[PDB]
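One chain comes next, on its own, written out as structure tokens in the form deposited in one PDB entry.
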């Protein structure tokens, strides 16, 4: 209902061990950005398009979850871009267009099942983003302003 959702934010570090350890880096936005999501953007896994600073637009998956740590029930958001970056981009602006919903959050009983799930979400996102209604969002002026 609030898709496609467009937002931009500084890329910031997270806590615990980064998902770089899984070969699947996940970029965070400051709390200010996540707080401005409409409530109807429920938790779960979404897919869409992203660029960093003035770079090209690439396919991405976003995880929207509950934060265990802040007062009230604050959400969290983290984006994995399906593009190999030559270096990190902390502090740069990540521009995102969230275009579709993949699945609700799920509980997994091992890292094996978690990693397999994430890889499957990525492969499914790549397929869904080829649909003409989603492929066109790559060309949105939203992304053209950043170049």
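In this text, rigid core is short for the largest set of C-alphas that superpose within 1.5 Å between two forms. Residue numbers count along the first chain shown, from 1.
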If you take the mean CA temperature factor per stretch, which one wins between 99 to 107 and 33 to 41?
33 to 41
Mean Cα B factor from the PDB record: higher for 66 to 74, or higher for 51 to 59?
66 to 74
Cα B factor band for residue 20 (lowest, middle or highest third within the chain):
middle
Select lowest, middle or highest to describe the third in which the CA B-factor of residue 121 falls within its chain in this entry.
lowest
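The same protein also has a form deposited in another entry, omitted here; what follows describes it.
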Just one of 113, 67, 119, 54 has a CA that shifts 2 Å or more between this form and the one not shown on a core fit; which is it?
67
Did residue 20 shift 2 Å or more between this form and the one not shown, C-alpha, core superposed
yes
Note on residue 20-residue 128 C-alpha separation in the other entry, which departs from the shown form by 3 angstroms or more
farther
So the Cα-Cα distance between residue 25 and residue 67 shifts by 3 Å or more in the other entry; is it shorter or longer than what we see here?
closer
